[PDB]
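Trainee: Here it is: the structure, laid out below.
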Number of protein chains: 2
Amino acid sequence: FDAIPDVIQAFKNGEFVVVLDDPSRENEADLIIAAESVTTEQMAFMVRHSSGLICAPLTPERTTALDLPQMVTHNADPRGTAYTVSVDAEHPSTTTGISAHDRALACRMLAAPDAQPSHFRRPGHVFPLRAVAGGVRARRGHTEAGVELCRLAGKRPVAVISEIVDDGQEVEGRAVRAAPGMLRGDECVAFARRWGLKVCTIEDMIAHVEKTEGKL
Amino acid sequence: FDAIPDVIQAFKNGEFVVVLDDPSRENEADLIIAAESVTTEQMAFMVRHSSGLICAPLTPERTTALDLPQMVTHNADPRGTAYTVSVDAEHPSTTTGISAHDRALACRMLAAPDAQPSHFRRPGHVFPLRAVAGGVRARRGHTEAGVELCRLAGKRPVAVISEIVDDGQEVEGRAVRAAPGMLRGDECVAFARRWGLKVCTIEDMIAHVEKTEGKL
Ligand SMILES: [Mn+2]
Ligand SMILES: [Mn+2]
Ligand SMILES: [Mn+2]
Ligand SMILES: [Mn+2]
C-alpha cells in the first residue's frame with residue numbers, strides 16, 4: 001500500500017488512485033479521481049474497468065449550490081449511500097449522456113467553479129453522491145474518501161468514483177463471463193500496479209487525517 | 001439484420017438480442033434480455049460490454065404493483081427516459097448490490113410473478129425504466145423495445161437493457177482508453193455476430209407489431 005501523501009500527490013496530478021474500504025465494510029476497491037479535469041479517455045478506462053455506475057462524490061455545500069436533491073427521502077440503502085438525483089451535462093456537445101465523453105463532461109461541469117443548477121439535466125447518467133459533513137472519520141466510505149482526497153490535494157470538491165469489479169473470464173463466442181465478482185485485497189494492488197496507479201486503504205486515509213484532526 | 005420472429009425466438013430462449021434505435025434518434029444499440037432468468041454470468045458479460053448502467057424496462061402496471069415511483073417529478077431528460085427510483089434486491093445473498101450476482105438478482109426479482117414492493121431496497125444499483133403504455137409504436141426507444149420483446153416472447157413484463165459502448169483501445173500500462181465512443185450500425189451487427197446473438201432495428205420491430213396493430 002502506498003503512503004497517503006504519495007496518494008495525495010498522484011491525486012493532485014489528476015490521476016486515478018485505487019482505494020480500498022474496510023474488509024468488514026464493503027471490502028471493495030474503487031477507482032477515485034478528481035472530477036475537475038477527468039478526460040474522455042480516462043472516463044473510457046474507468047467505464048471499462050469498473051461497474052460502470054459512475055458516481056461523483058461532492059459536499060453538502062455543493063449539493064445545495066447546485067440544487068441536487070437526494071434521490072430518495074427515505075433512504076433504504078443499508079449504508080445510507082447518499083445518492084442525489086442523477087444528471088447529464090446541459091452542453092451543446094452532449095448527446096445521449098452515456099458515452100465516456102458525455103459522462104466525463106458532466107463530471108467536470110459539476111466541479112466547475114462557476115457551476116450552476118441550470119448546467120445539469122435531471123435525471124441523467126452520472127450519479128452525484130453526498131459526502132457527510134464529518135468526512136472520512138465520520139463515514140468510512142469511498143464517497144467521503146473521494147471528497148477527502150479533493151480537499152487533501154487542493155482540488156474542486158467533486159470526485160468521481162466507481163467500484164473495480166472482477167469481470168471474470170471471456171468465453172469465446174458466448175454471451176457470458178465465467179466466475180465474475182469484485183476485485184479484492186491483493187488483486188486490487190496488483191490492478192493498481194498494472195496501470196501505474198497508487199493504491200491505499202481508507203483506514204490509512206483516516207490515520208492521515210487524524211494527524212491533523214485527532215480521532216473523531 | 002435478423003427477422004423479428006427470429007429475434008423473438010432468441011429472446012424467448014433467454015438470450016440477449018442486439019437492438020438498434022433510429023439513427024436520427026440515439027443511433028445506439030442496446031443489449032436487451034428477458035429479466036426473469038438473467039444469470040450471474042450473463043450479467044457479467046452485460047456489464048463488461050455495455051455502459052454498465054444496467055436498466056430494467058417494465059410496464060406501468062409493474063411500476064405501480066411494485067411501488068417504483070419516477071426518480072423525478074419534472075423530467076428534464078430530452079427523451080423523457082422514464083427512470084424510477086433505483087433498487088437493490090432485498091435478499092440474503094445480496095451484499096453491496098453492484099456485483100453481477102447482485103444486479104442479476106435484482107433483475108430476476110423485479111420480474112418474479114410473486115414480486116412485492118418490500119422485495120426491493122431503494123435506492124440501489126439497478127435502474128427500472130417505465131415503458132409508455134402505447135409501447136414501441138408510441139415511443140421508439142429501447143425501453144419500449146425491451147418490454148415489447150417480453151410481450152412478444154411471452155415472458156414476464158420486465159427486460160434488462162444497457163447501451164453497447166465503444167471502449168476504444170487499451171493503452172499498455174496507462175489508465176486511459178484511446179478513441180472511445182458508442183458502437184454504431186455495422187459495428188453493432190458485427191458485435192452481435194461475434195457473440196452469437198440476433199440483431200435488429202426497432203424500426204423493424206415496429207413493422208412487426210404493426211402487422212397486428214396497424215400504424216399508431
Ligand atoms: Mn438513452
Ligand atoms: Mn464503496
Ligand atoms: Mn457501494
Ligand atoms: Mn436507448
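Here, A, B, ... name the chains of the C-alpha cells in the order displayed, residue numbers run from 1 inside each chain, and ligands are numbered from 1 in the same displayed order.
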Against ligand 3, which residues of chain B fall within 10 Å? For each one I want the closest pair of atoms and the distance in Å (one decimal), counting only C-alpha atoms and all ligand atoms, rows by chain and increasing residue number, as a tab-separated table.
Mentor:
```
residue	atom	partner	partner_atom_place_in_ligand_line	distance
B:95	CA	ligand 3	1 (Mn)	9.1
B:96	CA	ligand 3	1 (Mn)	5.5
B:97	CA	ligand 3	1 (Mn)	7.2
B:98	CA	ligand 3	1 (Mn)	7.0
B:99	CA	ligand 3	1 (Mn)	9.9
B:124	CA	ligand 3	1 (Mn)	9.0
B:125	CA	ligand 3	1 (Mn)	8.8
```
Trainee: Those same residues - N, CA and C atoms - I'd like them written as a PDB file, in the first residue's frame.
Mentor:
```
ATOM      1  N   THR B  95     -25.052  -8.297  -1.262  1.00  0.00           N
ATOM      2  CA  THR B  95     -24.073  -7.672  -0.396  1.00  0.00           C
ATOM      3  C   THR B  95     -24.143  -6.187  -0.685  1.00  0.00           C
ATOM      4  N   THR B  96     -23.280  -5.707  -1.569  1.00  0.00           N
ATOM      5  CA  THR B  96     -23.285  -4.301  -1.882  1.00  0.00           C
ATOM      6  C   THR B  96     -24.195  -3.921  -3.007  1.00  0.00           C
ATOM      7  N   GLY B  97     -24.822  -4.901  -3.671  1.00  0.00           N
ATOM      8  CA  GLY B  97     -25.722  -4.549  -4.730  1.00  0.00           C
ATOM      9  C   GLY B  97     -25.118  -4.258  -6.105  1.00  0.00           C
ATOM     10  N   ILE B  98     -23.792  -4.075  -6.206  1.00  0.00           N
ATOM     11  CA  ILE B  98     -23.281  -3.753  -7.559  1.00  0.00           C
ATOM     12  C   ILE B  98     -22.730  -4.982  -8.389  1.00  0.00           C
ATOM     13  N   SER B  99     -22.323  -6.074  -7.726  1.00  0.00           N
ATOM     14  CA  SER B  99     -21.724  -7.222  -8.451  1.00  0.00           C
ATOM     15  C   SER B  99     -22.685  -7.757  -9.476  1.00  0.00           C
ATOM     16  N   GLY B 124     -30.765   2.054  -5.000  1.00  0.00           N
ATOM     17  CA  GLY B 124     -29.881   0.923  -5.186  1.00  0.00           C
ATOM     18  C   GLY B 124     -29.046   1.055  -6.456  1.00  0.00           C
ATOM     19  N   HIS B 125     -28.787  -0.107  -7.073  1.00  0.00           N
ATOM     20  CA  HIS B 125     -27.930  -0.144  -8.226  1.00  0.00           C
ATOM     21  C   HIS B 125     -28.512  -0.631  -9.518  1.00  0.00           C
TER      22      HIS B 125
END
```
Trainee: Find the residues near residue 122 in chain B: any atom within 7 Å, counting only C-alpha atoms, skip ones fewer than 2 places away on the same chain, and give them as JSON, numbers by chain.
Mentor: {"A": [75, 76, 77], "B": [85, 86, 87, 88, 120, 124]}
Trainee: Separation of CA of residue 83 in chain B and CA of residue 68 in chain A, in Å?
Mentor: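 Spanning CA of residue 83 in chain B to CA of residue 68 in chain A is a straight-line distance of 16.3 Å.
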Trainee: With only C-alpha atoms as the counted atoms, please give the residues lying no more than 6 Å from range 34-43 of chain B, apart from itself and same-chain residues fewer than 5 positions off, as a list in words.
Mentor: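 Those residues are residues 176, 177 and 178 of chain A; 100, 101, 104, 107, 108, 111, 158, 159 and 160 of chain B.
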Trainee: Return the single residue from B:145, B:33, B:199, B:3 that is closest to ligand 4, with distances computed using only C-alpha atoms and all ligand atoms.
Mentor: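 Going through B:145, B:33, B:199, B:3 one by one, the smallest distance to ligand 4 is for B:145.
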Trainee: Neighbours of ligand 1 at 12 Å or closer, counting only C-alpha atoms and all ligand atoms: which residues, as a compact mmCIF listing (two decimals) with C-alpha atoms, in the first residue's frame?
Mentor:
```
# COMPACT_ATOMS: atom_id res chain seq x y z
CA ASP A 88 -26.43 14.93 -17.57
CA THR A 94 -23.84 16.30 -25.07
CA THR A 95 -25.83 13.70 -26.97
CA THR A 96 -27.30 10.81 -25.06
CA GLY A 97 -25.36 11.40 -21.90
CA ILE A 98 -23.92 7.88 -21.52
CA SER A 99 -20.66 7.97 -23.67
CA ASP A 102 -20.64 12.82 -22.02
CA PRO A 123 -32.39 12.85 -14.42
CA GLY A 124 -29.36 11.66 -16.30
CA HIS A 125 -26.42 9.30 -16.34
CA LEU B 20 -30.72 -0.58 -32.67
CA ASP B 21 -32.83 2.53 -32.40
CA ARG B 25 -32.74 9.11 -32.51
CA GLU B 26 -29.96 7.83 -30.27
CA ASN B 27 -28.36 5.87 -33.13
CA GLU B 28 -27.41 3.36 -30.36
CA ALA B 29 -27.51 -0.36 -29.92
CA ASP B 30 -28.51 -1.95 -26.66
CA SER B 51 -22.04 1.32 -20.39
CA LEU B 53 -25.70 1.45 -16.34
CA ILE B 54 -27.98 -1.62 -16.18
CA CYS B 55 -31.64 -0.67 -16.57
CA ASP B 77 -34.27 14.27 -19.97
CA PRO B 78 -34.89 15.29 -23.61
CA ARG B 79 -36.16 11.81 -24.30
CA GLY B 80 -38.20 11.59 -21.27
CA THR B 81 -36.28 8.48 -20.24
CA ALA B 82 -38.58 7.16 -17.56
CA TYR B 83 -36.30 6.36 -14.66
CA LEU B 129 -37.48 2.23 -16.58
CA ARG B 140 -39.37 4.18 -30.35
CA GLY B 141 -36.83 3.60 -27.61
CA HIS B 142 -35.02 0.64 -26.15
CA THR B 143 -37.19 0.87 -23.05
CA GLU B 144 -40.33 0.13 -25.03
CA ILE B 161 -31.14 -3.16 -21.15
CA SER B 162 -27.86 -1.25 -21.44
CA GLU B 163 -26.05 0.60 -24.27
CA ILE B 164 -23.21 -1.13 -26.14
CA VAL B 165 -20.30 1.31 -25.93
CA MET B 182 -20.54 4.23 -28.93
```
